[PDB]
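Chains as they are written, first to last, in the entry's author numbering: chain C, 3001 to 3247; chain C', 3001 to 3247; chain C'', 3001 to 3050; chain B, 2012 to 2248; chain D, 4028 to 4057; chain D', 4028 to 4057; chain D'', 4028 to 4057; chain A, 1001 to 1297; chain A', 1001 to 1297. A prime marks a further copy of an entry chain.
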Amino acid sequence: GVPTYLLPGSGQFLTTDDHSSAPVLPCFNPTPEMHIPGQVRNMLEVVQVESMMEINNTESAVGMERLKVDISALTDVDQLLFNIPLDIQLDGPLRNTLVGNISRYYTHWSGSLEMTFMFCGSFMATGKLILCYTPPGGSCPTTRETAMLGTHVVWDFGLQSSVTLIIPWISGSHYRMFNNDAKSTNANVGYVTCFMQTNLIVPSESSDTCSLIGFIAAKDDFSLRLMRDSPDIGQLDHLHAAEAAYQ
Amino acid sequence: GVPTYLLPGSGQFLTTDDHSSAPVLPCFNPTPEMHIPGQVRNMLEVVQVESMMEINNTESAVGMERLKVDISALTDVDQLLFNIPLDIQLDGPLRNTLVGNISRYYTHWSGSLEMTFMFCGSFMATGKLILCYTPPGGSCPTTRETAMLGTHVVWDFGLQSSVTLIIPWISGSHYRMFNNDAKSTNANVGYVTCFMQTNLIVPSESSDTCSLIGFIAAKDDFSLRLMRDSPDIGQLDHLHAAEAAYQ
Amino acid sequence: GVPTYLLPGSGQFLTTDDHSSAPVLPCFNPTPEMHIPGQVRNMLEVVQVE
Amino acid sequence: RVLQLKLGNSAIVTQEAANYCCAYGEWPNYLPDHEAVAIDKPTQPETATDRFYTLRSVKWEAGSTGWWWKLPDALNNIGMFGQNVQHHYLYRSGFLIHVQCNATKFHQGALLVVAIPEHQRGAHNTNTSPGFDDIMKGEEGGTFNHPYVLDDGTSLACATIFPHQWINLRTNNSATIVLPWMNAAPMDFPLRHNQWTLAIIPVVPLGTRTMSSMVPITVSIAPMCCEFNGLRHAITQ
Amino acid sequence: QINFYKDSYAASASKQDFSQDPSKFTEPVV
Amino acid sequence: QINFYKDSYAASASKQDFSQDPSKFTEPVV
Amino acid sequence: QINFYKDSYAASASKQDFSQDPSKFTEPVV
Amino acid sequence: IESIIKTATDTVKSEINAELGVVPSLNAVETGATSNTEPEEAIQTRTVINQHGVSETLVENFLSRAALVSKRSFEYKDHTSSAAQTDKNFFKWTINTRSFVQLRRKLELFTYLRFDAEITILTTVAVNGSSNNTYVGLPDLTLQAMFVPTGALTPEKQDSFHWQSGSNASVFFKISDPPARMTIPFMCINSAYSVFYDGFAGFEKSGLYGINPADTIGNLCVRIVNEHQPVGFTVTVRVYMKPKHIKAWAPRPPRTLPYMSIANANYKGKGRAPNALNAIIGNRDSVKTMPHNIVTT
Amino acid sequence: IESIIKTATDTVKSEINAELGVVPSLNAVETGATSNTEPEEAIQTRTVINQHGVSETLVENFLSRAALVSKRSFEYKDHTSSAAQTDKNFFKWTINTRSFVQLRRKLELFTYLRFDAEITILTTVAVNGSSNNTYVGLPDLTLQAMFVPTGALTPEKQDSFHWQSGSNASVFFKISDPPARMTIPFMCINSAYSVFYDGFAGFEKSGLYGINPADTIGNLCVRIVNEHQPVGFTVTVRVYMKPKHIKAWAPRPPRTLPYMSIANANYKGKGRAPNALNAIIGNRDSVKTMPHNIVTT
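Below is the structure:
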């Protein structure tokens, strides 16, 4: 017969292995395929779809109130409205999104993001806003004259309901890393901030307060690697009715 | 199926083995290569670079003082200045060099060496030296008329700062052997010695004493074989903070 | 993978065996050959001497 | 033996050089499109940044252990280079270094001038790592504690494996080194990592019997092929 | 890839289909 | 040399690159 | 003969050299 | 339009724009389409050639990893006096992917799935620690695992004549072997499994909601083949499943609140954020508060 | 200029020289170039044809040998009363190449390295030697080793639901098997690992010097899968690493003084030569004293 010898790793069970294995049911014919709508083949197809940011993550906001930001007319110029942390692995406004949930099964990420905002005031309401992205290095900006030195777009309300801000990929390394430290030079993305460019101006029969909905998605330059167990789910016990499967 | 039988050596773990083994992360893409300066592919590229000899390995010399030899004017002719042992495996002036450190990971060696000396006196200083290599067989020579019968160079101080002495490969066997015995016919290389050929002569405003720096390297005929653990490093305990990797 | 079975004689050590076996020192270069007088290749060459 | 260097609005001449060194045989260049990562159009200032800056001089004395400076940290507050560094998240450049020291035909002494990539320092006789103020000296630089072991437990005797030159007072009065970009990444954040350390070590000490005089050592550095990405508001050390 | 079983479902995993169409999710409009 | 794994990083060591250039360390001068 | 090791000294024994010259021992004369 | 994509997309150089009637940063979210604004239209860009691969996010790679689906412990001993609820040297399990949450949440990202299932069985043993017992060494037992279709007859005892396995598939394995392994084909009466099912299983109104017996793979029946020894042991069996040859349709919102039961989708949430019924994300003091703000000193 | 070199260089025959303006033995060290004087220029030589190979000093051969990186011992028993610092039938380790000095000194010859890592795990066991215990034989236990990324969640106890391994890679192996083995790819976010790092890991000034989390391979989590027996054992696990597919840049001066810590490059030296802070080489009586001088009789 053939002379042979056994290597280190013989008989081990590795959960990421890929081999053929013995069929239980010989000569079995599986059911024919038919066309079904909406087939998916790479998870990067799902990550390109817009989903809502939870920007209003505050103690007083309950349920659906957390998915919108309310804005109103101001007596003073150049004022800050809100800001968003961009750390897409950590708990925060971006986490419960299609891009956030899928990314938390992986450890490294790369590529550009888009934020889109929709205005939901009356037809008679008017205003202008400035949306800014600041690259990392120090504290989040608190004044319009500091923030406007970064990447930004100035938005006019009108017949088109919505505006997109691109967050471009700006990094020293090819990938950023989902290490458990928000202040690491391998992890921090910088900040998004929003200011009044003019004022929210409305007539007496419109509501005095109007709402923004914010959305996020990845562009097609996006990439993910090094898969892991997701931290978004867990158990300390067997579920209800799990014993009945043995009885 | 295939008839087989197991050989002696089945299931052993040998630390110098070379086999394929199961990938932990399937479909993983490693980061692209980019150009980086100073790539190295054979350790014999490093061994060809000059580095300083510790010739002044004496009880009174502290730190950087050990890396130079001081010379001064003499009242008597033909005098000895210094000598160097050539046993490149043993502790001595050659050990803490690029050629000495890399060679101490191996057990057999072959090929030619070069010693280069640089004069560091004033511009107004003058002199001539004789540098000799003596093949093995008996005691190190102590007089110029004995040493000049060996391989030698006579050096004149001038606009060129430095001189090279070649130590040619002269051996009965193809390799010399790093056995733990300095007096073995398979190990001993012979001796290097330095004498006054004239005298060190300087004017009243120059310093009365001048310094030599000595350097060593291998030529491109050099070779090494039979790798081993280096004797230049060791431990009796775990290092500080080594336990914190488990906590 | 490949379906296999073990024969009688698996794992035995026989002192007259002839197989390849793992090299201890990878990439090692042995010393060059040179001519030496009086090489012998069969013991019947020695047995023919008085 | 004779050399002229010309960059931007600045020029240096020397009558007693000894060739010059290119680290690992390379020359500085801009980042090509097949190695790039950040997608924004880069700032490339040319003659505003790529010119000689001269640091404070230091005195060579009989007890001197030697001196060091870290790059880019030593330049992060100087001229239009410092302004671009403070307004951008990312930087890249090479460097050209010129070291100057002269004395009479009756003086003797020798300096090793060496550029060390990733010179991570150690502390002496303790388990605690060096602090921020031990490392980040800026334009003043620092001094060696134990130059015989390069302040890292290796050795001075083998330091000739790095890009280097000597100043030997009977032979030459200046040293020159050209440094490429030297990092694992194509660009970096200039306020927290240093690519190169310049070190100057007196292996043979200064000596004479003529009239005493103060003998200074002077360092001039020019950035080459500067690029900056990720424009924002100004941030300092 | 090694397979000596008769039934085709016994084989190793298949990791070579790089075909995509994001537009059925991102642009489902006439 | 035997390799039945799909990922190329699973392979045995590579010991056939004999290319050298000592001059980048021994002669770094113009 | 089976050998998958890289170093040639790892191989099995060699038993095919039938060349002889007894005369260097039996007839060493001019 | 369908195309082959092996790497992330390149970026192209771009110039100043000032053009009437053109507004690439404005969009109409009400249509249901995602924004088509490109980086070259939003900012000035350089050229970049992109070499990042996309293979680790393929659906076969994302789902095809072996995961724990069952864990059962029982006493190997003389059971002559044991109560009727006991696993008397054997057990039965109805195969499901709902009992352990990491596999459940990944499969529930899709509405329909088609795959073959590779099954691996791992066994361990220990001596029972009663005060009459020393340690004594561990036996190399033989186990039998028999595959039985949904609702068919199963053995009533360790030595039943039902274990003769005349047409059912059985696997016999020892504790000293590598783990036992086999592949079960895609067995559904439909072209795919339903991961979710908005209906009732029968013609009368009293049936179970959300359960569809066509998606149940079957039963696994497991025994020790040896007779009992003079002393008791505890035996633990673990079952692992790896999906392969996968197709997937209609992706879904991920689960956010903890699971309650294997039978249904019922919910309760944590008592406070994160993952509470009224608040999924953890709180901050205001919409102007930056939670990990860098401090300069 | 780059070329292929498989053997050491030949030597050529040479004659008398006496020529004005030519001085091949004189050199200019101040330039930073190494001496270019050849043996044929220094002495009269014969022709020699050189057959010595150079392959044992290739960088792949110099670094690609399996070396010890971790060694941990723990008690396998009932841990119900044990203090909180104990390894209670499991442990966690953060993968590093700094704890054992022979591998550390070899890797520290270079500034940057790129390699894949082949990991081998070796296990041994012994009976606890308390005065109540005889010897009793040794069990054939099953172990699980799980790979977890840097900073991710790790199991809190031997029977945690975290061991279900739904997307993490796990390997299961027995003490009676050959050693367990697998390959981890080159995983850095950069094109090479940094062996030395002259910087700080974060945007604030209070971070660690000389540590760069991008170079950390990950965590290894290890448990015994069996429940505890009636008697205690001591289990020891050893981990070995072999680099392969290696590239290396910018060679460095070797370490001379002893190592103090895994965290940094700190130093102290021996109390007397060799390897003292003031003296690396052992002393001799004078620069004229020959230390192993041959005596003739």
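A virtual CB, placed ideally from N, CA and C, is assigned to each residue, including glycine.
8 Å Cβ cutoff, residue i in contact with chain B
i: D'/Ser4050; result: yes
i: A/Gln1044; result: yes
i: A'/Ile1049; result: no
Residues of its chain near residue i, where Cβ-Cβ distance is below 8 Å and the 5 sequence neighbours each way are ignored
i: B/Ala2134; result: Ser2140, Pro2141 and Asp2145
i: A'/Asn1219; result: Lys1092, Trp1093, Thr1094, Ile1095, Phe1147, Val1148, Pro1149, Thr1150, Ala1152 and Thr1154
i: A'/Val1012; result: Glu1040, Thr1045 and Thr1047
i: C/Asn3057; result: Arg3066, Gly3092 and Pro3093
i: C'/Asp3156; result: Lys3128
Under the three-state DSSP convention, the category residue i falls into
i: C'/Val3047; result: helix
i: A'/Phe1172; result: strand
i: C'/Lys3183; result: coil
i: C/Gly3063; result: helix
Contacts that residue i makes with chain C'' (C-beta to C-beta distance below 7 Å)
i: D''/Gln4047; result: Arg3041, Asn3042 and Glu3045
Residues that residue i contacts on chain A, provided the C-beta gap is smaller than 9 Å
i: C/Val3069; result: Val1287
Buried versus exposed, by CB contacts within 10 Å (16 or more), residue i
i: A'/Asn1017; result: exposed
i: C/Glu3045; result: buried
i: C'/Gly3100; result: buried
i: C'/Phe3028; result: buried
i: C/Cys3120; result: exposed
Contact set between residue i and chain A', taken where Cβ atoms lie within less than 7 Å
i: B/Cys2169; result: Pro1253 and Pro1254
Per-residue contacts from residue i into chain C'' (C-beta, under 8 Å)
i: C'/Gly3009; result: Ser3021 and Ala3022
Sequence-distant residues of the same chain with beta carbon closer than 6 Å to residue i, five excluded per side
i: A/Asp1215; result: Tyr1193 and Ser1194
i: C/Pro3030; result: none
i: A/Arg1238; result: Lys1071 and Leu1122
i: C'/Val3192; result: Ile3084 and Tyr3133
Within-8 Å CB hit, residue i to chain D'
i: C'/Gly3038; result: yes
Beta-carbon contacts of residue i that lie in its chain and below 7 Å, excluding the five residues immediately before and after
i: A'/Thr1124; result: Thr1236
i: A'/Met1182; result: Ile1119 and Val1171
i: residue 1340 of chain A; result: Here chain A has residues from 1001 to 1297 only, and residue 1340 of chain A is not among them.
Contacts of residue i in chain C' (Cβ-Cβ under 7 Å)
i: A/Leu1113; result: Neighbours of A/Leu1113 on chain C': none; closest Cβ ~20 Å, over 7 Å.
9 Å Cβ cut-off: residues of chain C touching residue i
i: C'/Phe3123; result: Simply none; closest approach about 49 Å.
Cβ of residue i within 8 Å of any chain C'' Cβ
i: A'/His1052; result: yes
Under 8 Å from the C-beta of residue i: neighbouring residues of chain C
i: A'/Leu1153; result: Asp3229 and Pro3231
Min CB distance residue i to chain A below 8 Å
i: C/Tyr3005; result: no
i: C/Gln3235; result: yes
Contact with chain C by residue i, beta-carbon distance below 8 Å
i: B/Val2048; result: yes
i: B/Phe2239; result: no
i: C'/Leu3025; result: yes
Any C-beta of chain C' under 8 Å from that of residue i
i: C/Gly3001; result: yes
Where residue i meets chain B, residues with beta-carbon distance less than 8 Å
i: A/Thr1037; result: Ordered by position in chain B, no residue passes the 8 Å Cβ test against A/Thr1037, which lies about 14 Å from the chain.
Partners in chain B for residue i, counting only beta-carbon separations shorter than 9 Å
i: C/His3174; result: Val2048, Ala2196 and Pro2197
Residue-level contact to chain A' via CB, residue i, 8 Å cutoff
i: A/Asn1133; result: yes
i: B/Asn2136; result: yes
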